[PDB]
Number of protein chains: 2
Amino acid sequence: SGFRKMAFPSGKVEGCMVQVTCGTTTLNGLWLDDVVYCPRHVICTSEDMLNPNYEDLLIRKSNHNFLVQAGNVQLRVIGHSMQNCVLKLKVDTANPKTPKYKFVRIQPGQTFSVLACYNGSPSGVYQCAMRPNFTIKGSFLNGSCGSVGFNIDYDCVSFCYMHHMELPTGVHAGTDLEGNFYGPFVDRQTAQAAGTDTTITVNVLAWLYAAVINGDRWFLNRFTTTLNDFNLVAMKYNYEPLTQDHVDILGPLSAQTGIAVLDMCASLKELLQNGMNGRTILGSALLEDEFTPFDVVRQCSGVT
Amino acid sequence: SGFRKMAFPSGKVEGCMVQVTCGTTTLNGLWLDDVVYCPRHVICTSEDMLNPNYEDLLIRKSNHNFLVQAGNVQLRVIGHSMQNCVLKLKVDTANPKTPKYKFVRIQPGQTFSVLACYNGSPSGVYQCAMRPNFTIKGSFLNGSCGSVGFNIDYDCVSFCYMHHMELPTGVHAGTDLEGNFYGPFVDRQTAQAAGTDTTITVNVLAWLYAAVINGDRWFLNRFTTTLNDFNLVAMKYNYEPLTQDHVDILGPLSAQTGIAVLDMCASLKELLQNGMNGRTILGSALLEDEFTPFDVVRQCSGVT
Ligand SMILES: CC(=O)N1CCN(CC(=O)Nc2cncc3ccccc23)CC1
Ligand SMILES: CC(=O)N1CCN(CC(=O)Nc2cncc3ccccc23)CC1
């Protein structure tokens, strides 16, 4: 029993983190096989960030200008290329610690672990989610760029995020490992405002199921609702619309607890309208939305 | 910017986790040098747990009854001994992945990372704290015993906790790596109720300083207080008394923000008396107490 915001074990990813320096800037790179992936803004000066022409700036860079260090040993760069907003630095040595891996592009609502790094060295690990506005709420200081987000499926690491930017509002933006930004964000120091950060309804429901499984049941009520009625309330509270696909995804949790998905929706509807009244659910005074249904089943079943 | 409940990178500890089986029970062990540490209740049947005589039960066990597996390879047990509530299984092979380590006994209020494991395999990592009632609020299923709590200081892992028990109220109890339980708990299936789970005041203050550093400033007010006046309010709200030692520990955060510790105490006093009014601080609707002052400085400075 108990339910925590749990990250995946970070060891497999720690074995891939390297330091990348271009000129005076140092950030992190991800070393998989004989390729080091990093944000292309490593080539920029602070002046360049205002309106960078990355193809033009990259012409002035050679393999020997990209300093890649793995621990205290230098890697030899034998090629470089730009793929969207990431650089791929080909090195002469395959990472001996390369885990089984995949590059995946996640959807909003999906969670992942982040291994925050500075100078190619891991500082900490935390869990977050791709927000519906395509930002993430991370913990990143200067030097953290190139830190990655991932999920693990037994022994395969699915990398889904690489950190690139902090917006003026303190929220974060980045790319998948193909270098495509999530959402409309760009790697430029310009006015980029995020859209509405709606709540991930299917994840809140999953977390209410985790609460019931772990003994917190005070919020269960005598009501039910329909998807359409629930969605009228969800729209009012800036919650994402619940679809029949979400109801199907919640099936295993509904079966485990014996609480029909629409009955849990009615409990969530009352919590939205009535508030918590100073009470807590799984140690939280707000409705938590950064656990997917898969995360809840995984944590409640002890998948390793 | 941003502030997350961050755990230490778990790789160094993943390299130490093994499976320990005695009879029909399988739990986790911690392999450091040529010793595997695990809960002594691995020798118990479910009937034994009601009133176990561990010295007597251990007489019936030989080295060959303790099956220790590291990954898919078996370790040879050449000795066994009981130290308080842990067993130390001497193996014929030193763990080649043994990090620099220490065994420390933490005080209530101190935080640590837990690497939840099942069958010697890591499932996830999360952050928690030694509660003032000597319980921890973890996420542990059957099979998780022997999972450990730790802190890292650059390359030295300080192990502080080994998981042993879940109380009937869903909270957790365990030992340090010398086998001494935190608090009054015992490794017996008996009536063990926890005391008051008071809030760790110095940690709440540290987290309010993290909120100011990360831009959440709405709770700052025009007031100040004294330690004695603040403590009258803290006692009323089941908060731990704040001492001058806590004020001294908060010095670096006070210097960073320019907010005197007693002024922050006055902000905390108003939040306790007035509530949050539906507002949030660092994405929380309650006052968070599982970040120590050291955690706040570490996260806000990017220590690796
Ligand atoms: C060349 C240059 O000045 N830069 C700085 C800006 N960066 C982009 C950028 O947004 N970086 C950062 C990302 N995350 C957290 C951050 C905290 C603090 C400061 C910068 C952060 C490009 C490279
Ligand atoms: C021999 C035996 O039956 N046991 C079981 C009890 N254990 C003690 C015990 O409290 N274990 C557990 C610890 N943490 C989470 C847990 C969730 C679910 C169940 C058991 C948990 C001794 C060994």
Side-chain angles (χ1 to χ4, degrees), chain A residues 1-6 207-220 253 256-259 279-284 296-297 299-302, chain B residues 22 24-28 38-54 57 84-86 106 108 112 114 116-118 123-124 126-149 160-176 179-200 238 286 289-290:
Chain A
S1 91
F3 202 76
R4 279 277 182 188
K5 185 64 69 58
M6 187 177 289
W207 171 85
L208 288 179
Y209 278 107
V212 172
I213 293 168
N214 291 280
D216 272 20
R217 314 169 55 99
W218 67 264
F219 56 87
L220 298 180
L253 288 170
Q256 188 170 343
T257 62
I259 300 163
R279 299 186 281 263
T280 60
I281 298 173
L282 292 177
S284 183
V296 173
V297 168
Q299 184 170 165
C300 294
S301 66
Chain B
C22 191
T24 178
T25 301
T26 292
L27 46 57
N28 307 282
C38 75
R40 64 178 182 173
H41 73 235
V42 69
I43 73 179
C44 299
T45 70
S46 290
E47 202 177 354
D48 288 337
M49 288 308 297
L50 302 171
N51 189 18
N53 186 306
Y54 287 97
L57 293 176
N84 303 308
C85 303
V86 297
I106 64 170
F112 53 96
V114 171
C117 294
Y118 299 87
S123 72
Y126 51 87
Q127 192 72 355
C128 67
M130 180 55 54
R131 301 309 309 171
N133 65 4
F134 297 103
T135 64
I136 74 165
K137 292 131 112 163
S139 178
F140 291 116
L141 299 171
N142 184 67
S144 65
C145 303
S147 292
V148 300
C160 58
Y161 180 82
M162 175 169 279
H163 188 50
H164 289 241
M165 309 287 292
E166 185 168 80
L167 303 183
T169 66
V171 299
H172 302 113
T175 70
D176 58 23
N180 290 125
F181 265 89
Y182 282 97
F185 305 112
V186 297
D187 43 5
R188 186 185 313 125
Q189 187 178 322
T190 191
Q192 311 195 61
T196 308
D197 196 359
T198 55
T199 302
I200 307 156
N238 293 132
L286 55 72
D289 75 346
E290 295 193 353

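Computation of the quantities below employed the complete heavy-atom set of this structure, encompassing side-chain atoms and omitting hydrogens, waters and symmetry-equivalent molecules. Residue numbers start from 1 in every chain, and the chains themselves are labelled A, B, ... in the order their sequence lines are given, proteins ahead of strands.
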(request) Find out whether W218(A) and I281(A) are in side-chain contact, i.e. whether some heavy atom of one side chain is under 4.5 Å from a heavy atom of the other. (result) yes

(message) For the CE atom of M49(B) and the SG atom of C44(B), what is their distance to the nearest 0.5 Å?
(response) 5.5 Å

(request) Using atom types as modelled and distance alone, determine if a side-chain donor or acceptor of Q127(B) lies under 3.5 Å from a backbone N or O of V114(B). (result) no

Using distance only, find each side-chain donor-acceptor pair of residues 136-143 of chain B under 3.5 Å and give its atom names and separation, not counting sequence neighbours.
unit_1	atom_1	unit_2	atom_2	d
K137(B)	NZ	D197(B)	OD2	2.8
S139(B)	OG	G2(A)	O	3.4
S139(B)	OG	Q299(A)	OE1	2.6

(message) Using 0.5 Å steps for rounding, measure from the OG atom of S284(A) to the CZ atom of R279(A).
(response) 14.0 Å

(message) Do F185(B) and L167(B) have side chains that approach each other closer than 4.5 Å (heavy atoms only, starting at C-beta)?
(response) yes

(message) Does any part of the side chain of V171(B), heavy atoms only, come nearer than 4.5 Å to the side chain of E166(B), both counted from C-beta?
(response) no

(message) Does any part of the side chain of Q189(B), heavy atoms only, come nearer than 4.5 Å to the side chain of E47(B), both counted from C-beta?
(response) no

(request) Would you please indicate yes or no on a ring centroid separation below 6.0 angstrom for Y161(B) and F112(B)? (result) yes

(request) Supply the atom-to-atom distance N84(B) CG to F181(B) CZ, rounded to the nearest 0.5 angstrom. (result) 10.5 Å

(request) Quick one: closest heavy-atom pair of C128(B) and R4(A), and the distance? (result) CB-NH2, 3.6 Å

(message) If you compare all heavy atoms of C300(A) against all heavy atoms of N214(A), which two are closest, and at what distance to 0.1 Å?
(response) SG-ND2, 3.9 Å

(request) Could you grab the distance from atom CD1 of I213(A) to atom OG1 of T257(A), nearest 0.5 Å is fine? (result) 6.0 Å

(message) Would the distance check show the side chain of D176(B) and the main-chain N or O of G179(B) forming a donor-acceptor pair, the cut-off being under 3.5 Å?
(response) yes

(request) First locate atom NE2 of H41(B), then atom SG of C22(B), and finally report the distance between them rounded to the nearest 0.5 Å. (result) 11.5 Å

(request) Please step through side-chain hydrogen bond (donor to acceptor under 3.5 Å, both in side chains) for the pair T135(B) and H172(B), ending with a clear verdict. (result) CA-CA 5 Å; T135(B) 64; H172(B) 302 113; over 6 Å; no

(request) For residues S147(B) and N28(B), report the shortest heavy-atom separation together with the two atoms involved. (result) OG-ND2, 3.7 Å

(request) Just do the side chain to side chain contact (heavy atoms under 4.5 Å, CB included) check on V212(A) and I259(A) with the steps written out, would you? (result) CA-CA 9 Å; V212(A) 172; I259(A) 300 163; 3.8 Å; yes

(request) Considering non-hydrogen atoms only, spot the tightest contact between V86(B) and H164(B) and give its length. (result) CG1-NE2, 3.9 Å

(message) With rounding to the nearest 0.5 angstrom, report the CG to CD1 distance, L57(B) to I43(B).
(response) 5.0 Å

(message) Looking at every heavy atom in both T198(B) and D289(B), which two are closest together, and how far apart are they?
(response) O-OD2, 4.2 Å

(message) Show the nearest heavy-atom pair for residues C160(B) and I106(B), with the distance to one decimal.
(response) CB-CG2, 3.5 Å

(message) One pair to check against side chain to side chain contact (heavy atoms under 4.5 Å, CB included): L50(B) and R188(B). What are the steps and the verdict?
(response) CA-CA 6 Å; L50(B) 302 171; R188(B) 186 185 313 125; over 6 Å; no

(message) Between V42(B) and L27(B), is there a side-chain heavy-atom distance shorter than 4.5 Å?
(response) yes

(request) Count the heavy atoms of every other residue, nucleotide or ligand shown that sit under 6.0 Å from CZ of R217(A), and state whether that count exceeds 12. (result) no

(message) Between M130(B) and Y182(B), is there a side-chain heavy-atom distance shorter than 4.5 Å?
(response) yes

